[PDB]
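Structure record follows, encoded as structure tokens.
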There are 2 protein chains.
Amino acid sequence: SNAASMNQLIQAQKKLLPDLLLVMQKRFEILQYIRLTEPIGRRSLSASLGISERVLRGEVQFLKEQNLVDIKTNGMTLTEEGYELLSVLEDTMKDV
Amino acid sequence: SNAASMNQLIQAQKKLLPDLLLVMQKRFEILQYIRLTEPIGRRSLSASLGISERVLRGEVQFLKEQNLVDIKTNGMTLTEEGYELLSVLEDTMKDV
DNA sequence: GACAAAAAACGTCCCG
DNA sequence: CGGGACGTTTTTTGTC
Ligand SMILES: [Ca+2]
């Protein structure tokens with residue numbers, strides 16, 4: 001029957017997307033680290049999170065396309081949408 | 001557990017993970033089409049969807065590895081786990 | 001299945 | 001600092 005809870009939904013979603021929680025957590029950590037250090041560039045942010053610059057660059061370009069981060073001459077900052085999303089994820093990620 | 005915490009999770013997923021939600025929907029569509037037409041083989045199923053045999057064959061091999069479909073000499077059918085997954089995700093998968 | 005090729009991913013370096 | 005890009009490696013795709 002239709003998923004009644006959050007644990008039930010995630011367990012069903014992992015069948016189609018086995019590393020859903022991994023992607024979620026990695027993107028959440030990028031947004032947290034930008035909120036703490038903005039403006040920050042791809043070289044500093046990759047080093048601080050221990051992610052390869054090329055991988056981090058792809059993830060932040062994705063977040064920019066979703067209008068969550070602004071990528072400017074002096075580096076990256078969160079958008080209004082990014083701050084709001086990060087506040088929602090602080091709550092949700094404790095129950096995931 | 002509550003409806004609102006689940007709706008919060010789903011709305012956060014739509015902003016942070018739309019690339020992952022797209023993959024999940026395409027794989028969910030494959031399971032729906034198999035439920036309708038099983039047993040069906042990769043040539044007929046790829047034609048029925050708008051995709052190449054080779055792309056389908058990649059997705060179907062994933063679904064077999066997750067124990068959601070069985071591949072027999074007469075084509076593909078859903079497992080028990082596949083039928084269950086379609087009932088659990090049915091409503092969320094329309095509200096995306 | 002095989003066999004080939006194209007596309008994607010990735011690690012660095014290039015510049016102003 | 002980011003956009004652009006080159007060379008290499010890996011994964012996906014076409015074809016039958
Ligand atoms: Ca059973």
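First the proteins, then the strands, lettered A, B, ... as listed; each starts at 1. Below, all heavy atoms of this structure are taken into account, side chains as well, without hydrogens, waters or symmetry copies.
In this structure, CD of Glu38(A) is placed 13 Å from P of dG2(D), rounded to the nearest angstrom. Atom CG of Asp70(A) and atom P of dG2(D) are 12 Å apart (whole Å). Per the geometry, CZ belonging to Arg57(A) stands 11 Å off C1' belonging to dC1(D), to the nearest Å. What separates CZ of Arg54(A) from P of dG3(D) is a distance of 12 Å, to the nearest Å. Atom CD in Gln61(A) sits about 14 Å away from atom P in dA9(C), given to the nearest Å. Distance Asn74(A) CG to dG16(C) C1': 16 Å, rounded to the nearest Å. Counting to the nearest Å, the P atom of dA8(C) and the CD atom of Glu59(A) are 17 Å from each other. We find that CZ of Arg42(A) is positioned 13 Å from P of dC14(C), with the value rounded to whole Å.
Residue-to-nucleotide contacts include a donor-acceptor pair under 3.5 Å from the side chain of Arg43(A) to the base of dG2(D).
Atom NZ of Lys14(B) has more than 12 heavy atoms from other residues, nucleotides or ligands within 6.0 Å.
In terms of the side-chain hydrogen bond (donor to acceptor under 3.5 Å, both in side chains) criterion, residue partners of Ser48(A) (sequence neighbours excluded) are, by chain and number, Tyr33(A).
Two residues are said to be in side-chain contact when any heavy atoms from C-beta on lie closer than 4.5 Å; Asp70(B) and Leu78(B) fail this criterion.
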| task | For the pair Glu38(A) and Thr77(A), evaluate side-chain hydrogen bond (donor to acceptor under 3.5 Å, both in side chains) and give the outcome as yes or no after the intermediate values. | result | CA-CA 5 Å; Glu38(A) 47 182 36; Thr77(A) 175; 2.9 Å; yes

| message | Using side-chain hydrogen bond (donor to acceptor under 3.5 Å, both in side chains), reason through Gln32(A) and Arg35(A) one step at a time and then give a plain yes or no. | response | CA-CA 5 Å; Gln32(A) 290 192 307; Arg35(A) 176 184 57 202; over 6 Å; no

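Direction change of the helix axis from one end of the helix from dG1(C)-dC16(D) to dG16(C)-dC1(D) to the other is 30°, with five pairs defining each end axis (rounded to 10°).
Both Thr73(A) and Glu53(A) lie close to DNA chain C; mapped to their nearest nucleotides by heavy-atom distance, the more 5′-ward contact belongs to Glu53(A).
Among the atoms of the strands shown, none is found under 4.0 Å from any heavy atom of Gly58(B).
Of the residues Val60(A), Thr79(A), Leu31(A), the one that meets the side chain to side chain contact (heavy atoms under 4.5 Å, CB included) test with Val69(A) is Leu31(A).
For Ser52(B) and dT13(D), the shortest distance from a side-chain N or O to OP1 or OP2 is not below 4.0 Å.
Salt bridge status for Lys15(A) with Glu84(B): absent, with no side-chain N to carboxylate O gap under 4.0 Å.
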